[PDB]
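Report on the structure given below.
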Amino acid sequence: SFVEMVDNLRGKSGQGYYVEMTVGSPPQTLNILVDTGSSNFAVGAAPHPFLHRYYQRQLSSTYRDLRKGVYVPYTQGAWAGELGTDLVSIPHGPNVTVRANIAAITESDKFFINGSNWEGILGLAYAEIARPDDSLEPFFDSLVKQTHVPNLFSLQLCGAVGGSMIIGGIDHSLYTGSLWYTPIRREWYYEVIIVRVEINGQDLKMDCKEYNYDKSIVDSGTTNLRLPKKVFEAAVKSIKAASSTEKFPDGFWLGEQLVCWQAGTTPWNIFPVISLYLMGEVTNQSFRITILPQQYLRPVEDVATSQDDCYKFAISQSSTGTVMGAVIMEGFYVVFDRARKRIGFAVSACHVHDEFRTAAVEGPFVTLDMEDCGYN
Ligand SMILES: C[C@@]1(N)Cc2cccc(c2)/C=C\C(c2ccccc2)=N\C(=O)c2cc(cc(-c3ccccc3C#N)c2)COC1=O
């Protein structure tokens with residue numbers, strides 16, 4: 001029944017998944033980045049070199065200036081704008097219209113991406129991390145309070161881009177196998193708990209507290225699988241050992257160097273699979289999501305339809321905890337079940353795989369003392 005929401009996401013390889021959103025009156029449709037790592041709805045509202053279009057508040061009769069500024073600094077980039085509210089709809093999303101808070105971005109630094117084709121960002125996380133503070137109600141909260149749309153959305157990000165953002169439910173055609181759920185530990189970022197990490201079936205053997213030191217979150221707006229320094233180092237040592245058939249320069253594993261292969265010759269088979277075990281919904285029960293090199297090895301903006309496929313190792317370090325970005329999400333259909341405070345994972349019907357291996361979601365496994373893996 002959610003068919004009209006299927007394939008409502010677009011994007012350029014490595015630049016961000018976006019959905020169309022129509023704001024104001026008369027209608028002003030813009031391409032908006034789907035971001036589960038933040039909670040502010042904001043759109044470019046002034047000309048910018050990297051922006052094809054922008055929000056023109058003076059042309060919207062329903063726009064209400066809140067007479068207050070807002071500044072938002074992200075892990076990457078930042079912007080400044082004016083707060084206000086206007087009518088908002090998602091053409092290929094739920095059949096409703098709501099009055100939501102909207103930040104009109106007038107200035108920014110290293111936020112927008114040249115050629116990405118998106119002009120704003122939809123922060124889908126909770127109010128706790130919204131700017132200026134948690135009193136600025138996020139878009140999804142307004143949606144649920146003003147309409148009968150169920151408190152849940154799901155994301156199918158298809159990498160090389162496109163995908164689907166199903167709002168108010170789950171579309172069975174977007175995944176195979178069963179959906180496995182992990183609890184949302186706290187409602188601020190979409191925080192989860194990783195209890196075990198394996199490289200080609202081999203346990204990384206680190207104290208699970210290190211996997212979530214600070215926190216572990218799911219962010220559709222982050223490209224890589226980012227890991228805490230100590231975890232990153234151990235993971236890389238293990239991945240290098242498992243892919244010893246061919247040697248690569250140190251810089252490759254640091255994302256400083258790229259390696260290209262003749263079209264259709266990338267030796268996926270020499271790279272290991274990576275499994276992250278997440279806390280399940282029942283005591284001492286966990287499940288695992290497994291990604292292939294096709295997920296963690298990202299394609300880089302082609303030179304011009306050349307006979308060379310260049311890739312970048314998309315697993316990198318973080319000083320603010322684990323971030324399960326696009327590298328993780330592209331292999332699965334992810335359900336953000338806000339209503340039941342849980343996130344579900346299932347094999348995506350569009351994840352890129354080969355004839356030898358496939359991304360997977362498997363369970364259940366017995367894992368004790370999972371509660372002690374979270375940071376307080
Ligand atoms: C909350 C927010 N998600 C906001 C945000 C900030 C800056 C840019 C974007 C979004 C645009 C979309 C984009 C994507 C997303 C999926 C697919 C393709 C591109 N992401 C990036 O480009 C991006 C985003 C972030 C860190 C690095 C980043 C920085 C340094 C080292 C490694 C990195 C990675 N990964 C790169 C931190 O993300 C955020 O703060």
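Sequential numbering from 1 along the given sequence is applied to the chain's residues. We count ligands from 1, going down the list as the structure has it; atoms in each ligand are counted the same way. All values below were derived from every heavy atom in this structure, side-chain atoms included, with hydrogens, water molecules and symmetry-related copies excluded.
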>> Looking at non-hydrogen atoms alone, which of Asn224, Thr320, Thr223, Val323 comes nearest to atom 22 (O) of ligand 1?
In response: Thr223
> Can a protein heavy atom be found under 4.0 Å away from atom 31 (C) of ligand 1?
Replying inline: no
> Using 30° and 60° as the class limits, which term best fits the ring planes of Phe140 and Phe153: parallel, tilted or perpendicular?
Replying inline: tilted
> With a 4.0 Å cut-off on heavy atoms, is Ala314 touching ligand 1?
Replying inline: no
>> Could you check whether any heavy atom of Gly14 sits closer than 4.0 Å to an atom of ligand 1, since that is the contact criterion I want to use?
In response: yes
>> Enumerate the ring-ring contact (aromatic ring centres under 6.0 Å, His included) contacts for residues 202-237, please, sequence neighbours excluded, ordered by first and then second residue.
In response: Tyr213-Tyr375
> Counting heavy atoms only, which part of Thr75 comes closer than 4.0 Å to ligand 1: side chain, backbone, both or neither?
Replying inline: both
> Do the ring planes of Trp261 and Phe271 sit parallel (below 30°), tilted (30 to 60°) or perpendicular (above 60°)?
Replying inline: perpendicular
> Going by the angle between their ring planes, with limits at 30° and 60°, are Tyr175 and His172 parallel, tilted or perpendicular?
Replying inline: tilted
>> For atom 11 (C) of ligand 1, which of the options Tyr74, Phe111, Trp118 provides the nearest non-hydrogen atom?
In response: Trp118
>> Against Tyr189, only a single residue in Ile184, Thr320, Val323, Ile129 fulfils side-chain contact (heavy atoms from CB on, under 4.5 Å); can you say which?
In response: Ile129
>> Does any N or O of ligand 1 fall below 3.5 Å from an N or O anywhere on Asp219, backbone included?
In response: yes
